[PDB]
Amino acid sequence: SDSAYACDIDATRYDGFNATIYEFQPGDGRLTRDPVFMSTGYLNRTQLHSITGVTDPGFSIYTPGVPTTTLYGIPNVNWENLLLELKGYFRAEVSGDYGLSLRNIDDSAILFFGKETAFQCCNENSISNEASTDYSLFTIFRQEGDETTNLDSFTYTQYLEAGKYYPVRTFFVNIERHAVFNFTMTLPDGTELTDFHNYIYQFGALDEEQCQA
């Protein structure tokens, strides 16, 4: 009720993020700075692929000469012009400070945390943002010189309560050449994990009795 972030869910759970690839269109590089497109506008694009069960989402790709790759078990994915969304329920094992990090992103990524900005507790497809400041993290790779790597890293930390579920939604864009999406989590003791296994979860359809916010 007054949690403003957390869901209470009593249902069979499944490991992993839901990953969805959207249709890149020419000129989307200019939209990586657009607060409408990066929050909900991309949901107007055709969904090309959808899978579930991703617990280790980070990747770094650059293979000139071969423009496609296998991403999360999806074959023939264009990694140079990529629109990628992750959605899942983050579950705290203990009460304490958990972190979510986006490191050296190329080209751009945005992170929404909590039921008011990521998605609705009982409907992962119910997504709407109220303002352009709803995000928890936003990063874009701007050439700060002669370097080939984004030197910026971002971390969102929040005190979470044990047993509760927190909606998490990311959107990642690669415009050209290198694709770097390094998305990690941090435990209250400071341990940084690249694999979200046992912390990121999915549910099927949820009734009013199994889901409360």
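Just count from 1 along the sequence shown to find any residue number.
Practice task
Report the stretch with the higher mean CA temperature factor, choosing between 141-149 and 26-34 on the basis of the entry.
Solution key: It is 141-149 that shows the higher mean C-alpha B-factor.
Practice task
Pick between 165-173 and 52-60: the one whose mean CA B-factor in the entry is higher.
Solution key: Comparing 165-173 with 52-60, the higher average CA B-factor belongs to 52-60.
Practice task
Return the residue from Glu80, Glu116, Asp107, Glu85 that has the highest Cα B-factor in the entry.
Solution key: Answer for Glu80, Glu116, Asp107, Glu85: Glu116, with the highest C-alpha B-factor.
Practice task
Could you tell me which third, lowest, middle or highest, the C-alpha B-factor of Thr133 occupies within its chain?
Solution key: For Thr133, the deposited C-alpha B-factor lands in the lowest third.
Exercise for the section: Please place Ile21 in the lowest, middle or highest third of its chain by C-alpha B factor as given in the entry. Expected result: Lowest third.
Exercise for the section: Would you check the entry's CA temperature factor for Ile127 and let me know if it's in the chain's lowest, middle or highest third? Expected result: For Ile127, whose C-alpha B-factor we compare with every modelled residue in the chain, the answer is the middle third.
Practice task
Taking the chain's C-alpha temperature factors as the reference, tell me which third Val180 falls into: lowest, middle or highest.
Solution key: It falls in the bottom third of the chain.
Problem - B-factor third for the C-alpha atom of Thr186 within its chain - result: Middle third.
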